[PDB]
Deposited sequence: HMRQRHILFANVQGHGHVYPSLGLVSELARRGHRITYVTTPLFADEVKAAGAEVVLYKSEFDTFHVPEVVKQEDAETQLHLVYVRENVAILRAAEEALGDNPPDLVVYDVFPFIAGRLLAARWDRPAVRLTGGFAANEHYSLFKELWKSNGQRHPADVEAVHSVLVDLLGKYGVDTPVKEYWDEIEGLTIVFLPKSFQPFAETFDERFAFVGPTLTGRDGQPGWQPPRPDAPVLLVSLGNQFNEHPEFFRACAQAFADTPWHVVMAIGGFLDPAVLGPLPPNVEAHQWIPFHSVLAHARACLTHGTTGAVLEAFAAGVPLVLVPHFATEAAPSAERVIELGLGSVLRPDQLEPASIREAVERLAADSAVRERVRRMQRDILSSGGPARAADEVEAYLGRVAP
């Protein structure tokens, strides 16, 4: 009955953009006007999803204070991009990813508009915060307790008539937070109140196994920038002369020729349709970021993780192990025979398999992009009648 003008505040990067786009499309499907702040790198992708784009220039084009400060400057960059573009015509709603939460909430404070937080990672409240656990494990102070960071945030927050102490503002919970995870994957899930919606992951003729009885393995380390020909060769060697059929997605940087001849039961591709392979897979060998792990569990496929290939993968990998949904290979266990052994043990573990099938069920019932849009619209109902 109402068209809403909805502004997305998001940082550039595959991991931050991709999970959001299903929601952007479902809201545009519903007749809402989507504006989305991003860089030229993701502009075309965001427009294809149905949104109008506001371009910002990314900063990513004492080491931790510098990581902290640039983080602040990136929020400032997105903040100023959105203000200049929208100007004397505020949107109805600000939806922002956790990374630019400074930008998002300040836009909402400056326009007097409600906001929604988006997260493709674990939710935070007073009982669990992944960010607090990370700072702790690295012996870092909370950024708010860092003078140089604290100083800039005081200035920034004052400009926007915010007098809230920096550490508290930092820890405030949004009116609504859409969490793109199934609830059972969330640490301390039971403590998370009504303002948190665990909606799960957003998600060519496809690939078909050449031999219908063959156990299928998917190997992927994402679309890496740095190249691991050695690992893919070791995987090829590991499953040569076994009943397995192995599909290796090597990304857009590595030339499949580089891997040399492959046996007939191993295939390598820069790009593969992941879900079509996972639908047939008995296991998946992967880096273990949140995205990768949930795609596998959405298809009921147990995991062997190699989290040293992905820096973000640590918390997600840790959770997989914690829940008994997969195993992990250390960098000293990457000889072909070791890879084989780990994959076979995991694939044969019927306890892990049943846990993963229950996770598949929890993903399915989570609700997806349609529910995430229903949540957005419902929220707008409450704070904007």
Write out the missing regions of the deposited sequence in sequence order, one range per stretch.
1, 63 to 73, 216 to 220
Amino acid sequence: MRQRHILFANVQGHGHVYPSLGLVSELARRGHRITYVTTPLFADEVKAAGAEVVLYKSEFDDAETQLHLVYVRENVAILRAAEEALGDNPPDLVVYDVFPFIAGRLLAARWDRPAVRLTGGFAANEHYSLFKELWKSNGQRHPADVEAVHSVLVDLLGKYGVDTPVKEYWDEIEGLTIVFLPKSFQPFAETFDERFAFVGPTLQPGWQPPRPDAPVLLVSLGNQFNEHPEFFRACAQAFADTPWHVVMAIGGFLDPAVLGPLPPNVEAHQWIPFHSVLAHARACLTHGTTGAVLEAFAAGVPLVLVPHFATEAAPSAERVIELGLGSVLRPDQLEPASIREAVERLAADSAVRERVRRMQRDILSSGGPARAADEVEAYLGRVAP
From here on, numbers count along this sequence of modelled residues.
Test of understanding: from the entry's C-alpha B-factors, which stretch has the higher mean, 75 to 83 or 302 to 310?
302 to 310
Mean B factor on CA atoms, stretches 128 to 136 and 215 to 223, record says higher is 128 to 136
Looking at 338, 39, 66, 360, which one carries the largest C-alpha B-factor according to the PDB entry?
66
Of the residues 242, 276, 286, 191, the one carrying the largest Cα B-factor as recorded
191
State the tercile, meaning the lowest, middle or highest third, of residue 372 with respect to the CA B-factors recorded for its chain.
middle
Where does the C-alpha B-factor of residue 176 rank in its chain, lowest, middle or highest third?
middle
Chain-relative C-alpha B factor for residue 62 (record values, thirds): the highest
Pull the Cα B-factor of residue 247 out of the PDB entry and bin it into the chain's lowest, middle or highest third.
lowest
Assigned third (lowest, middle, highest) for the C-alpha B factor of residue 253:
middle
